[PDB]
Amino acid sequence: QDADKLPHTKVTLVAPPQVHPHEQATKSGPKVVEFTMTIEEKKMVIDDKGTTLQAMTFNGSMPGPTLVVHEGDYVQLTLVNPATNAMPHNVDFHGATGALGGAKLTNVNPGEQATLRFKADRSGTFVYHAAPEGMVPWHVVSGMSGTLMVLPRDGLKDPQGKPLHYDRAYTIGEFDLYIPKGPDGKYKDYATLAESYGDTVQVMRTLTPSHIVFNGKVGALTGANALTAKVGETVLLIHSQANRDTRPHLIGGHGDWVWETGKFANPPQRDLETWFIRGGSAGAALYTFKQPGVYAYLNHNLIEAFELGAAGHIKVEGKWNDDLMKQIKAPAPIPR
């Protein structure tokens, strides 16, 4: 079909880690699916000792919201760069074909907006990210990425073609941050975004992040903001990393079905302990909970997880199953 002859629909985005309401399998034919995002540059507190980032975001969040369409839909995005921002921006969709992912067609200075349409002709989770000429890595590592999910029109399938469902989807964006320090050994705090640029590029070139965070801060997905589920529920965990490799793992769980390269026309792998998201990609895992409790979902470079920030929690309600795991003898003195 010709996109100019198709019906249009408008989607209201939601903030991560939620994903906007959508169908899995659908009876709908292809549509032009309209979205809007507004860029917001802002200073953000990223850890528990007051460190700040001169951040750059789509729609005020790290990651930007997840956009969901079905294969054969057209994505039509209006990208807005308000006059209160300092820098030019654009967007590169890995799900799109041509013009550097759309980056060449979406160059917006502060005070400007643009609208891009592209055919979502390949199923999968795909990164989108800013890519302004001459300062591409800086905008990405400062927060400008998220995920486009293009579902098969018949929903997700296992390697034999059997249907797979999820009850809840969550989106996790992992961000390798490069916060400079001064000669006093303290992280720098900058009054403006432009002031932070040359110091940050120097840290970037060391390839050693100061922090690695989920969803914008150490501990973002913990406490009141933990992910939630129940025994018997199947969750889809979408994981994006626009710049650097990561290795997701659910402590005390598994990836039941995982597309680590994130492309749903390929058969998934089952029973994974840890999977691998290549820098510059998004992947997806399904898991059905069988035990209650508080799980950790983390990057299994455990230094990156526990020392630098790349870890969250999932609080799961339900009945403990002693067939799967039982404490036979609690900790007690060693017999002599």
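Just count from 1 along the sequence shown to find any residue number.
If you average the C-alpha B-factors over 7 to 15 and over 309 to 317, the higher value belongs to 7 to 15. Mean CA B-factor, 296 to 304 versus 31 to 39: the higher value falls on 31 to 39. Set against one another, the Cα B-factors of 253, 209, 183, 143 in the record reach their highest point at 183. Set against one another, the Cα B-factors of 70, 278, 270, 49 in the record reach their highest point at 49. In this PDB entry, the Cα temperature factor of residue 274 sits in the bottom third of its chain's modelled residues, the lowest group. Placement of the Cα temperature factor of residue 234 within the chain: middle third of the modelled residues, per the deposited record. Per the PDB record, residue ranking by Cα B-factor puts residue 119 in the middle third of the chain. The entry lists a Cα temperature factor for residue 54 that places it in the middle third of the chain's modelled residues. The entry lists a Cα temperature factor for residue 62 that places it in the middle third of the chain's modelled residues.
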